[PDB]
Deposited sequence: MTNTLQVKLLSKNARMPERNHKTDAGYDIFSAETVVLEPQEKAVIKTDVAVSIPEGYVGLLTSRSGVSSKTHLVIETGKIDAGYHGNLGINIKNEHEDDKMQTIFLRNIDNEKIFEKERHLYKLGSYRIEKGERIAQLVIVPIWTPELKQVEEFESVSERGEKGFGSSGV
């Protein structure tokens, strides 16, 4: 049949993607690892989840408005090709500045201070993404993949070359 997406859990640490509502457009993706990201630090957070997006579609592995509005964790949107059967990685950076100051509080993905019994010194603006937290979503859209034809001029001429804030 159609209207079905294959998903493969690559470890015990993985979790099956879930739609929040029937109305909602994507599936929440869970982190399969606990990671501390210092200011300006980049990482590819593993999900231990693979999918088989069929042809004529592309998967947008993208941020959640809750995480992106509350924290300086920035997720560059991954375009999951209709073929990539590997481990989905979340391309992330802590875009907080490295101002050289210290603190004893990490911050969670809701920007709340993490209280812990054992005291540790962290760089200010550091985040902990915990195993099993919702940090991304996958929205699947159809694509158009025609063959390209080189030309010296186009088929028809109103917008033209105007762009980059021309109105």
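Residues of the deposited sequence with no modelled C-alpha atom fall in the ranges 158, 169 to 170.
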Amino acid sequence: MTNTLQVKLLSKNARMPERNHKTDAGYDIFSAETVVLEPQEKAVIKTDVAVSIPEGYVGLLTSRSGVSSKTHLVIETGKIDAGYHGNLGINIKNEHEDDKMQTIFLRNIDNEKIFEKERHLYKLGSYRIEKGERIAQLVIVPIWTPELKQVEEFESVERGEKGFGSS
From here on, numbers count along this sequence of modelled residues.
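Just going by the entry, 37 to 45 versus 113 to 121 on mean CA temperature factor gives the higher value to 113 to 121. With 53 to 61 and 66 to 74 compared on mean CA B-factor from the PDB entry, the stretch scoring higher is 53 to 61.
Per the PDB record, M101 has a higher Cα B-factor than any other of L138, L106, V141, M101.
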